[PDB]
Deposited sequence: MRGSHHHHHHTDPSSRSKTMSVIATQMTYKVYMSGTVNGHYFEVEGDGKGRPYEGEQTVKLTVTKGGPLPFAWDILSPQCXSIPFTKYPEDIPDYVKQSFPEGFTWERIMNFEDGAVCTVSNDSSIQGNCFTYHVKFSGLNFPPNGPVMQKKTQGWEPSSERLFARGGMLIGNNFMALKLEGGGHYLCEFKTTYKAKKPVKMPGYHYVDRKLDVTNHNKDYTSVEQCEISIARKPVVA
């Protein structure tokens, strides 16, 4: 139902401090090897007056390597698909809510995402564009009410050193009953590998591998 090589399209719209924007992306990768790559274009509201980094993790949870002994909640949701709902709380008080809807047509995945972010302070690092990508991260995942819940302590690298913290809570909602995983983790690295001067165009590479708890 999901082939070992897949493509995908991303339509993302939203607001940041009330500034509207649209993004489109084309991506590809190996759903079973955990790798993927995507090229995004700001099609409306560019150049963005805020850091691109807040949008990069919104742009492919089907592309996560599960070992055969951990039920892969999101792959099983197919072909009906799944949604996800996400809250990001930044340490200087900014909050975003983001939702995704994922569908499949052949060997193309389609993600529709809505992004709403606000209370980024005018002198903070998102609005001054002082961020330099995300540390690699590790999401704690567990099953509840037939849903998959993910908690991630994320951090943006800052220009001139140190970190700007963001907590992620992501709820994954299959459109049909599936076989629920036990308690586990997903390790990710997200990199911007190319971009133009004003981030109206961007390319990213992500690796994500699920695993059992490392110790015991």
What are the missing stretches of the deposited sequence, listed from start to end?
1-21, 81
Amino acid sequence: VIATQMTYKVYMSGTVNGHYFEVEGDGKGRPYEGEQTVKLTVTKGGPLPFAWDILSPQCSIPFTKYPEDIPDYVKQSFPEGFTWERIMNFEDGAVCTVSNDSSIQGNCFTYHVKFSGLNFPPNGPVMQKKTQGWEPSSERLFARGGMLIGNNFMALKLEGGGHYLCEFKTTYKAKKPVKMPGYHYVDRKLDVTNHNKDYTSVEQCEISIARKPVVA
From here on, numbers count along this sequence of modelled residues.
Could you check which stretch, 150-158 or 23-31, carries the larger mean CA temperature factor in the entry?
23-31
Select between 69-77 and 131-139 the stretch whose C-alpha atoms have the higher average B-factor in the entry.
69-77
With respect to the C-alpha temperature factors reported in the PDB entry, which of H163, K176, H184, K169 ranks highest?
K176
Top Cα B-factor in this entry, restricted to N119, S116, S103, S99, sits on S103
On the chain's distribution of Cα B-factors, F90 falls within the third called lowest
Taking only the Cα B-factors deposited for this chain, tell me whether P49 sits in the lowest, middle or highest third.
middle
Sort the modelled residues of this chain by their C-alpha B factor and say whether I207 lands in the lowest, middle or highest third.
highest
Quick check for you: using the entry's CA B-factors within this chain, is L40 in the lowest, middle or highest third?
middle
By the entry's values, the third containing the CA B factor of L190 is the middle
